[PDB]
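Overview (structure and organization)
Single-letter residue listing:
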Amino acid sequence: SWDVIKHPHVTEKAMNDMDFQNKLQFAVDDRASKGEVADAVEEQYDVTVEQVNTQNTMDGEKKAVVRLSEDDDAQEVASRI
Amino acid sequence: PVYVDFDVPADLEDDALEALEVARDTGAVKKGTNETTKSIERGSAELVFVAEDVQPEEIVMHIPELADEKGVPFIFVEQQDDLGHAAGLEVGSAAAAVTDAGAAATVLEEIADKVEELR
Amino acid sequence: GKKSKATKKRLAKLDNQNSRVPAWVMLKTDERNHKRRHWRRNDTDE
Amino acid sequence: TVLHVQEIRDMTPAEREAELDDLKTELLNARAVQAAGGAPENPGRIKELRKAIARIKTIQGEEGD
Amino acid sequence: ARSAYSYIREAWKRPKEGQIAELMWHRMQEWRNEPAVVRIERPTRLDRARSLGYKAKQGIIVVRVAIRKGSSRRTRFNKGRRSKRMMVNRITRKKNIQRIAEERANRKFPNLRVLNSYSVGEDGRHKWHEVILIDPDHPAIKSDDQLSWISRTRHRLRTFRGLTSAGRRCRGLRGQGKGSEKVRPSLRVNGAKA
RNA sequence: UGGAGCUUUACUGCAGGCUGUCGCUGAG
RNA sequence: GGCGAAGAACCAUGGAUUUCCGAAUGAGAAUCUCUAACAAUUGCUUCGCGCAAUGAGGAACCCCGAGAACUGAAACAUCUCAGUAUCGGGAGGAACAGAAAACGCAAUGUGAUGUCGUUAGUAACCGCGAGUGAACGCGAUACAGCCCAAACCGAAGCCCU
Ligand SMILES: [Cl-]
Ligand SMILES: [Mg+2]
Ligand SMILES: [Mg+2]
Ligand SMILES: [Mg+2]
Ligand SMILES: [Mg+2]
Ligand SMILES: [Mg+2]
Ligand SMILES: [Mg+2]
Ligand SMILES: [Mg+2]
Ligand code: NA
Ligand code: NA
Ligand code: NA
Ligand code: NA
Ligand code: NA
Ligand SMILES: [Sr+2]
Ligand SMILES: [Sr+2]
Ligand SMILES: [Sr+2]
Ligand SMILES: [Sr+2]
Ligand SMILES: [Sr+2]
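Residues numbered from 1 in each chain as written, not as in the entry; some residues may be left out. Chains lettered and ligands numbered in written order. Part of a larger assembly, values for the part shown. Heavy atoms only, no water.

This entry, as listed in the PDB, derives from X-ray crystallography and reports a resolution of 2.7000 Å.

In the PDB, the title recorded for this entry is "Crystal Structure of Enhanced Macrolide Bound to 50S Ribosomal Subunit". Quoted straight from UniProt, the Function entry for chain D says "Stabilizes the tertiary rRNA structure within the 23S rRNA domain (domain I) to which it binds. Located at the polypeptide exit tunnel on the outside of the subunit." (UniProt positions renumbered as here; feature names shortened; annotations may be inferred.)

Quoted verbatim from the Function field of UniProt, the annotation for chain A is "Binds to a specific region on the 23S rRNA. Located at the polypeptide exit tunnel on the outside of the subunit."

With that settled, consider the sheet that holds strand 4 (residues 95-98) of chain B. Residues and elements named next belong to chain B. Read across the sheet, four strands follow the order 1-4-2-3 without closing on themselves; strand pairing throughout is mixed. The outermost strands of the open sheet, each flanked by one partner alone, are strand 1 (29-31) and strand 3 (74-77). Ignoring which end each strand starts from, the neighbouring axes of this sheet average 20° apart. Here strand 1 pairs with strand 4 via three bridges, running antiparallel. Paired with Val29 across the two strands is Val98, which belongs to strand 4. Strand contacts of helix 1 (residues 10-25): strand 1, strand 2 (47-51), strand 3 and strand 4, with the helix running at about 110° to strand 3, the strand carrying the most contacts. Lying over the sheet, helix 2 (residues 33-42) contacts strand 1, strand 2 and strand 4, oriented at roughly 40° with respect to strand 4. (Pairing = 2+ DSSP bridges. Helix = DSSP H or I, 4+ residues; strand = E, 2+ residues; numbered from the N terminus. Axes fitted to C-alpha atoms, helices over the stretch in contact; angles between N-to-C directions. Contact = heavy atoms within 4.5 Å.)

This part is about the pattern of salt bridges. Under the defined criterion, the tally for this structure stands at 18 salt bridges over all chains. A salt bridge links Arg31 of chain A to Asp29 of chain A, with the shortest nitrogen-to-oxygen separation between them at 2.6 Å. Since its relative accessible area comes to 51%, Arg31 of chain A is described here as exposed. What emerges from the salt-bridge pattern is a single network uniting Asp30 of chain A together with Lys5 and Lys9 of chain C. (Salt bridge = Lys/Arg side-chain N within 4 Å of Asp/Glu carboxyl O. Buried < 20%, exposed > 50% of the residue type's maximum accessible area, 1.4 Å probe, protein only.)

Take the packing of aromatic side chains next. How two aromatic rings sit relative to each other is given by the distance of their centres and the angle of their planes. Counted under the stated rule, the structure contains six aromatic pairs over all chains. Here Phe26 of chain A and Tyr45 of chain A contribute two aromatic rings whose centre-to-centre distance is 5.8 Å and whose plane-to-plane angle is 55°, an arrangement assigned as tilted. On the criterion of sequence distance, the pair formed by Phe26 of chain A in strand 2 (residues 23-28) and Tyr45 of chain A in helix 2 (residues 34-45) is long-range, its members being 19 residues apart. For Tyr45 of chain A, a relative accessible area of 9% corresponds to the buried category. Each ring, one from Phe6 of chain B and one from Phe74 of chain B, has its centre 6.2 Å from the other, and the planes form 25°; the classification is stacked. With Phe6 of chain B in the segment before helix 1 and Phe74 of chain B in strand 3, this residue pair connects regions lying 68 residues apart in the sequence. By the ring-pair criterion, three or more aromatic residues cluster together here, those being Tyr3, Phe6, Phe74 and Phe76 of chain B. Over the ring of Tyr7 of chain E we find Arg2 of chain E, and its NZ or CZ is 3.5 Å from the ring centre. (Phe/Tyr/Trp six-rings, centres within 6.5 Å; stacked < 30°, edge-to-face > 60°. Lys NZ or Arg CZ within 6 Å of the ring centre and 35° of its normal.)

Residue and element names in this part refer to chain E. Around RNA strand F, the neighbouring residues are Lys16, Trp25, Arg76, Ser83, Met86, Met87, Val88, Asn89 and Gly124. Here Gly124 contributes a backbone N or O atom positioned 2.9 Å from a base nitrogen of RNA strand F. Of the residues that constitute the surface near RNA strand F, the class distribution is four nonpolar, three polar and two charged. (Near = heavy atom within 4 Å. Polar contact = N/O pair within 3.5 Å; in protein donor to acceptor, adjacent residues only side chain to side chain. Nonpolar A, V, L, I, M, F, W, Y, C, P; charged D, E, K, R; others polar.)

In the vicinity of RNA strand G lie 76 residues, with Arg10 of chain C together with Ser83, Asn111, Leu157 and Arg171 of chain E positioned nearest. In the model, a phosphate oxygen of RNA strand G is placed 3.1 Å from a nitrogen or oxygen of the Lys9 of chain C side chain. The contact in question runs from a phosphate oxygen of RNA strand G to an N or O atom on the side chain of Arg168 of chain E, over 2.6 Å. Listing elements by their share of the surface near RNA strand G, those giving two or more residues are helix 2 of chain B, helix 1 (5-16) of chain C, helix 1 (5-10) of chain D together with helix 3 (46-52) and helix 4 (97-108) of chain E. Of all the elements, helix 1 of chain C adds the most residues to the surface near RNA strand G, at five residues. Looking at side-chain class alone, the surface near RNA strand G contains 18 nonpolar, 22 polar and 36 charged residues.

Contacts between the two partners involve 15 residues from chain B, matched on the other side by 18 residues from chain E. Both faces considered, chain B and chain E share a buried interface measuring about 1,400 Å² in area, 60% of it formed by carbon and sulfur atoms. Seen at the junction of chain B and chain E, the total is one salt bridge. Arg27 of chain E is paired through a salt bridge with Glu58 of chain B; the nearest N and O atoms lie 2.6 Å apart. (Buried area = accessible area lost by both parts, 1.4 Å probe.)

A separate point is the interface of chain C and chain A. Across the boundary between the two partners, chain C contributes six residues, which contact six residues of chain A. Interface of chain C and chain A: buried area, both sides summed, is about 550 Å²; carbon and sulfur atoms make up 55% of it. On the chain C side of the interface with chain A, the three residues burying the most area are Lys5, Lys8 and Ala12 of chain C, jointly 68% of the side's total. The tally of links between chain C and chain A comes to two salt bridges. As a salt-bridge pair, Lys9 of chain C and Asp30 of chain A come within 3.6 Å of each other at their nearest N and O atoms. If you look at where chain C meets chain A, you find two residue pairs in polar contact. Taken together, the residues of the side of chain C that touches chain A break down into two nonpolar, no polar and four charged.

Rendered as structure tokens:
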């Protein structure tokens, strides 16, 4: 059975979405839907997902841009990992 | 149908079957075309039964004429399973022969007669 | 043109496949990517 | 590695599933640190974590969970 | 004494004489409005069926098959050919209609194996043969002392390799002596000259 | 005593059409 | 950087896991998608996909069908190349054949079938041209003989559980 989240996507652009928009980015399995990515995240880091945006990258894997609720602080979550 | 040259009245058939049962519980009966045939050929047959719903007909076509050149009387039954049931079988039967009945010796004696009149 | 999800995975692979042979592999083997390709000079399948 | 088959066999069906989710999370935090070009690692472990999870799953199958 | 079967046999010696001639005139009308391969509950020729191997048992199937009469439906050459090979009308196929019928019957039943077959007449354009087919995977057949041999893996599709009764006669194997030189033990083995 | 395309009342054949006959096909 | 005396590596056997497309089988699709599936054809059938079968692969070999031409004949049509190339269908570890309506060294003889050696380029074929071409028998290899339909019996029977 495949897992949804593969690893955080840390790049200058990812850092901004985190600082300025409370969004975290991950490399996910390309069979995962936005909904499956949202649930996966809330359970892995215990946070609330407001919105998810996905893109099928030219690297072969799927990238997801998860925006957290104003109740959580992206930077903080990203920091522990 | 092609081997049938006269129609038997439902009533007459009902009689004949009733007689075949007492002939199998008292006298002697042959179940099956081959046994019936040998019977007619050996002379032991007194009354032979032939179903009318036999497909293919090759199985019985011969009876009618064979029976004639043996003086053996024969009667038709509209259905194959009825005759088999009467012969005491859990399956249908295309032909049955009463080989010396019992307690029916008279009852069937007239059946043979009634048929003759029926051409 | 428009690419399907599968066509994208393939092109994606062909891209990664188009790399230098790790500097260290040349040491380990005491001294070439024969499948190195160029977008203009070569032609991929499909 | 630090985790032996005997130990996995001694565990309870529920302790393995607990040791699994525990191991999976460490592997995840390793790949996370690796994704960020992390340094403080021990490569020979991110490798051991995979075998570990392979063992528990192989044992789980063995014991009927 | 003669058996009931000998009568079915006797009648089929001359299918255009007596009652059967009448019976055939009947049936064929229905047969003509029928498929290419039709499963039937009982052999039309009981004596023949039993004689070929038939048995009133599970895993035993019978089927009538229609096939066109005549020579080969051949296409005229589309490239150069010497006079000897420009032939079209008189060319006949090396397989006989009956073998062709067994093969079509067999395709309809991808799981059964042909046990034998026999003809049941023909009109001016058709030819009908009934094919006895067996289910090699059904017990009652496996456990049968007379047919279990047809369950052997060696018998997978025996008809397409000409192991059928009709197959072997057609192959020229009927004689054990004179004339079966290029025939036995197989056509292909003799350089295909039989 | 090569090849191919084309022609014809060249040689030899093969489709195709027409026509007779047998089967299908039976009663007066 | 890690693992190994908690005996690793490595080897043998057995087991686990085994993405998607693929005979490819819920429907569709350039390896993905869409809303529970033996698709399709069959057998049995509790007539319900409940129990089963087929499909496709394999170096060639093997069996069953379809079947050229270049070429040779110093041309060429029969013949030859050749039942070859190639095509369609199918089986196995080998296939096919096989226990005489045989042979016919004609006999007071042989005794299922392959194959090998020989019989023999003999007999036979053939614009009787070019060419084509067996068999019986013999010596070997290996050996093995049986089962139905029917007669006379007639449910004394078989399959699933
Ligand atoms: Cl078959
Ligand atoms: Mg999108
Ligand atoms: Mg027996
Ligand atoms: Mg020319
Ligand atoms: Mg020449
Ligand atoms: Mg051979
Ligand atoms: Mg000459
Ligand atoms: Mg000879
Ligand atoms: Na290009
Ligand atoms: Na089949
Ligand atoms: Na021949
Ligand atoms: Na030309
Ligand atoms: Na079903
Ligand atoms: Sr990249
Ligand atoms: Sr019945
Ligand atoms: Sr260019
Ligand atoms: Sr097959
Ligand atoms: Sr012997």
